[PDB]
Amino acid sequence: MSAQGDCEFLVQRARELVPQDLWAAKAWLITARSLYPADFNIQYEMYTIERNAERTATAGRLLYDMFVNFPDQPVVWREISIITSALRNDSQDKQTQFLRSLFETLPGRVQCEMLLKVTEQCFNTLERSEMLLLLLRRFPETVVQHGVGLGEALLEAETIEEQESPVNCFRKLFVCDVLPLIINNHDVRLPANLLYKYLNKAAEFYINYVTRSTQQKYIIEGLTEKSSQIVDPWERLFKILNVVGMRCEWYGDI
Amino acid sequence: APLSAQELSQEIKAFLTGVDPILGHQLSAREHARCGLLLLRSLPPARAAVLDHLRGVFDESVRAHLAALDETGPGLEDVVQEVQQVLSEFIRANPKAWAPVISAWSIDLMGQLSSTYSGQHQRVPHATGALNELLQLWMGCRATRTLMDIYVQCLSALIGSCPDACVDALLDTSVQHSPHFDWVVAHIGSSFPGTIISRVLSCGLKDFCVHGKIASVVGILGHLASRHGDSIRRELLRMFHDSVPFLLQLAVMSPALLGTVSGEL
Amino acid sequence: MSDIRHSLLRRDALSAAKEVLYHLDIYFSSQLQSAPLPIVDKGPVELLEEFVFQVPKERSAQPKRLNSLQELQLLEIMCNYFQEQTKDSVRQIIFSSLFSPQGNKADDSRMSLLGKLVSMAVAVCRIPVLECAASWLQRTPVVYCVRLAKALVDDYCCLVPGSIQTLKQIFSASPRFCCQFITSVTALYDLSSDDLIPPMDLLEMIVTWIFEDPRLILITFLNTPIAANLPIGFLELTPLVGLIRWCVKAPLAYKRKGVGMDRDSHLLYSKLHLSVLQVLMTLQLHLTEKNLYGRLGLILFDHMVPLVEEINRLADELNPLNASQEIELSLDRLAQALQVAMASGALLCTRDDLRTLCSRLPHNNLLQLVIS
């Protein structure tokens, strides 16, 4: 009726017999009034965390309410982000595909919204760069808090690194992703000299990566495949320089 | 088995009308029988013509077998065992809805064949002391054996559920289809001596009491079947004396039944 | 009509039924638009009895042709005509006499013929007959309709092995019939016999209903307000509490007074009860913001009290040691259904209606906690 403590006790008892008596689980997690929201922490989450079809809808609709009421569950977003980097291999194997699907079973928009909290508090350079890349990929025009300095910070980090071998995950990933986004994003107003310097630094880093010894196409012995990958260094640098020149007020080929 | 809900109208039209419209010809009895079995699987209310078509199939098969034997396309016996398998599958899958109706249809068609091919066929041994010849000859026609196997299944199902009315129906048919079908009752009594000989004694006593030769045939059949199983007759006589001479008349007409009378004496 | 029945009965070889259907359509052409509900017209009742039951307007009259094969052919032709009639009047006239009383001397044979014809029509994909079958229990007797539907279901599944899948497919294609069959299933699930315990095919049909018939239940709930203890039959397809109480107490009530079938199927009965509870909770969630009305709240209409009484009757004899868990599960399931129903906002009383009804319920820790 109105005995919220009794409702919580009944929810706990149903959780105890959850593996056998599934009817009480549904009747308790969907029991309105009393300690309903208090019981919607392990009862509803059990359906949300299930590997069945429940995670497709329950996690994308019921976990959002819990996050709004209490945004303290960032483990799922971090696990999905970690698994995303390692999900680009062993596609033929069933276990890797199952793990990748379990990580990505949640909605993309909901996952990005949940991981925005970790993105704001992403003190780690690699974590912050990955969060910025994910935000840019989800929304190319998502520049409200700080969009002008997104490319600037990446270019500064790449220049300060000054490594002939591009083994740095954050710098290489930033040069690969943020630089094309910075070139495409004309909303942020910056001097042409800064863009030219950033393009020159990216070109130097790409040339150094191409000339230096790497570590078949596979991940490096020390860095992830996605982070250290550079596709067509000289050609990409030339394209970036041409784009910058266009935006700066205008074999034996050459 | 499952079927689409729309195909039933055309399938039932094909079966009941006799002429198959989707193929544009009269199918043989085998395909019609298979279609009727499928209809029984799908549509229970569609059983009305299925039993009649089964009766026709069995009658034609018995006629063909008689032509092959009493004078001694080809015999259609090969579809009979298929019908046996399908009906036994219904019986063992569900005894409740299949045991009484199948047994009644079967015993009625045995009565039909007994009336049809006795006297009209002179070589068929009548129930006039040729009872053993009746039991031997009719298994030459595979349909009869098949039906007795069906009855083993049906009677086992009734024994499982309620073995009360089968014997009553059997005796009613024996009275109606007298005296040519009663060899089946004799074989049944051979399988189950006690209850059947008791009911034979009962009906014979009714016949004698009302009269003062179906009872004579029943007594002859009982005497043929009762191999050291006449103790029921002695118990009935003792009960009748406790609180009637039809047994005496039966023994007079049946010396074999009186073979154990001296030992009982 | 005796004269029309006699005129239409001639030429039983696929012509008598066609003539009877034509005459019925001509007579009830206006009735098809005025009120094509599942009702039996007395004009065509005699024709339906004569051409299907082999019994004219007089009960002891001469049967049409020789019946049997001719009767079967007439039934097939009538089913083909009714399914292709594109009007609910003919199908309703043919089939509605099975359970809805007609006040006729030959009404028993007419009812048997109507039941056979309705079973054939459902199997012959006659959507109007199945759709009207839901409306049949809305105003006619519910016990007779439940018995007829249960007999048809048993013939389809129990008597016919493997045809239950066809019945489930038809119920999916005719959700009105599937929703109307919930009351029949509840009536046939009294746990008083072996047939009362659902089989594997029955479990599959229940799963199909939970997946699809819930939409029909929601549509019916939107069609008219949820009434508390409606006249003689509502056919709302909301007998969840009674069915759950019977299924959970099947290994207890059945064992108290067949018993082995319900006792060995404790896991299957529990799974079926859980599935039914999940379906009911989903339906309540769907019909929560919708105008499902108050007053009644939980869908009981005093059936929860009968289920509690049935559980309590067996709860004192042999239940406390052998099957106390089953009785506790039944009480908990009933209380959980009542609470989940109140969670949709229909029951506007945390403990008023609970004190009115659940106070007399048996002793159970889970049920007492849920109630309070």
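Of the numbered conditions (1) at the interface with chain C (Cβ under 10 Å from one of its Cβ atoms); (2) buried (at least 19 other Cβ atoms within 10 Å of the Cβ), residue B:10 fails exactly one; give the number of that condition.
Condition not satisfied by residue B:10: (2).
Could you list all residues from the stretch A:209-233 that are of a type outside the set (A, V, I, L, M), assigned to a helix (DSSP H, G or I) and within 28 Å of the chain's Cα centre (by Cα)?
Hits for the stretch A:209-233 are A:209, A:225, A:226, A:227, A:228, A:233.
Restricting attention to helices (runs of 4 or more DSSP H) lying wholly within the stretch C:259-372, give those where 2 or more residues are under 27 Å from residue C:232 (Cα atoms), out of contact with any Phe, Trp or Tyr (no Cβ under 6 Å at 6 or more places or on another chain) and away from every other protein chain (no Cβ under 14 Å).
C:304-315
Residues of the stretch C:40-54 being touching a helix residue (DSSP H, G or I) at 6+ places or on another chain (Cβ under 7 Å) and either over 23 Å from residue B:12 (Cα atoms) or surrounded by fewer than 24 Cβ atoms within 10 Å (Cβ to Cβ) (or both), which ones?
Taking the stretch C:40-54 as the starting set, the residues that turn out to be touching a helix residue (DSSP H, G or I) at 6+ places or on another chain (Cβ under 7 Å) are C:40-41, C:43-54.
Result: C:40, C:41, C:43, C:44, C:45, C:46, C:54.
Going through B:174, B:190, B:156 one at a time, which residue ends up being part of a helix (DSSP H, G or I) and buried (at least 20 other Cβ atoms within 10 Å of the Cβ)?
None of the others qualify; the one that does is B:174.
Identify the residue in the stretch A:5-28 that is part of a loop (DSSP other than H, G, I, E, B) and facing another protein chain (nearest Cβ under 9 Å) and, among all such residues, is farthest from residue C:367 (Cα to Cα).
My answer is A:20.
If I filter the stretch C:134-163 down to residues being of a type in the set (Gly, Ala, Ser) and out of contact with any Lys or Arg (no Cβ under 7 Å at 6 or more places or on another chain), which single residue comes out as surrounded by the most Cβ atoms within 10 Å (Cβ to Cβ)?
C:149
Please go through the stretch C:337-363 and pick out each residue that is within 16 Å of residue A:23 (Cα to Cα) and out of contact with any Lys or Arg (no Cβ under 9 Å at 6 or more places or on another chain).
Correct list: C:338, C:339, C:341.
Give the residue, chosen from C:148, C:130, C:159, that is more than 9 Å from chain B (Cβ to nearest Cβ) and closer than 30 Å to residue C:254 by Cβ.
C:148
Between C:338, C:357, C:348, C:329, which is in contact with a helix residue (DSSP H, G or I) (Cβ under 7 Å, 6 or more places away or on another chain) and farther than 19 Å from residue C:279 by Cβ?
On the way: C:338 fails: farther than 19 Å from residue C:279 by Cβ; C:348 fails: in contact with a helix residue (DSSP H, G or I) (Cβ under 7 Å, 6 or more places away or on another chain); C:329 fails: farther than 19 Å from residue C:279 by Cβ.
Every option except C:357 fails the conditions.
Among the listed residues A:31, A:96, A:58, which satisfies the condition of being part of a helix (DSSP H, G or I) and either within 14 Å of another protein chain (Cβ to nearest Cβ) or in contact with a strand residue (DSSP E or B) (Cβ under 9 Å, 6 or more places away or on another chain) (or both)?
So the residue among A:31, A:96, A:58 that is part of a helix (DSSP H, G or I) and either within 14 Å of another protein chain (Cβ to nearest Cβ) or in contact with a strand residue (DSSP E or B) (Cβ under 9 Å, 6 or more places away or on another chain) (or both) is A:58.
So that you can scan it fast, the table gives a plain yes or no per residue for (1) more than 25 Å from residue A:247 (Cβ to Cβ); (2) of a type in the set (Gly, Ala, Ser):
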residue	(1), (2)
A:147	no, yes
A:151	no, yes
A:155	no, no
A:170	yes, no
A:182	no, no
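Would you say residue C:342 is under 22 Å from residue C:207 (Cα atoms) and either aliphatic (A, V, I, L, M) or touching a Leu at 6+ places or on another chain (Cβ under 8 Å) (or both)?
Numbers: under 22 Å from residue C:207 (Cα atoms): no; either aliphatic (A, V, I, L, M) or touching a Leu at 6+ places or on another chain (Cβ under 8 Å) (or both): yes.
No: the conditions fail for residue C:342.
Given the conditions (1) of a type in the set (S, T, N, Q); (2) within 7 Å of chain C (Cβ to nearest Cβ); (3) within 34 Å of the chain's Cα centre (by Cα), and given that residue A:2 satisfies all but one, which numbered condition is not satisfied?
Result: residue A:2 fails condition (3) only.
State yes or no: is residue C:29 surrounded by fewer than 22 Cβ atoms within 10 Å (Cβ to Cβ) and either assigned to a loop (DSSP other than H, G, I, E, B) or touching a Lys or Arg at 6+ places or on another chain (Cβ under 7 Å) (or both)?
Criteria met by residue C:29.
Only residues that are out of contact with any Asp or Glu (no Cβ under 8 Å at 6 or more places or on another chain), within 16 Å of residue A:231 (Cα to Cα) and of a type outside the set (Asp, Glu): list them for the stretch A:182-216, please.
Once the filter is applied, which keeps residues that are out of contact with any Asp or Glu (no Cβ under 8 Å at 6 or more places or on another chain), within 16 Å of residue A:231 (Cα to Cα) and of a type outside the set (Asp, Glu), the stretch A:182-216 yields A:199, A:203, A:206, A:207, A:209, A:210, A:213, A:214, A:216.
Looking at the stretch C:164-202 only, could you name the residues that are in a loop (DSSP other than H, G, I, E, B), buried (at least 22 other Cβ atoms within 10 Å of the Cβ) and small (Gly, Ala, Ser)?
Correct list: C:174 only.
Which pairs do you get when a residue that is within 19 Å of residue A:166 (Cα to Cα), found in the stretch A:190-216, comes within reach of a residue that is among the charged types (D, E, K, R), reach meaning Cβ atoms under 6 angstrom, with the pair 6+ apart or on two chains?
A:201/A:158; A:205/A:158; A:208/A:164; A:212/A:164; A:215/A:221
I need a count of the residues in the stretch C:105-122 that are more than 8 Å from every other protein chain (Cβ to nearest Cβ), under 22 Å from residue C:2 (Cβ atoms) and part of a helix (DSSP H, G or I).
8
Ideal geometry is used to build each Cβ from the backbone, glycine not excepted, and the neighbour counts take in all protein chains shown. Laboratory data are not the source of any read-out in this text; all were calculated from the coordinates shown.
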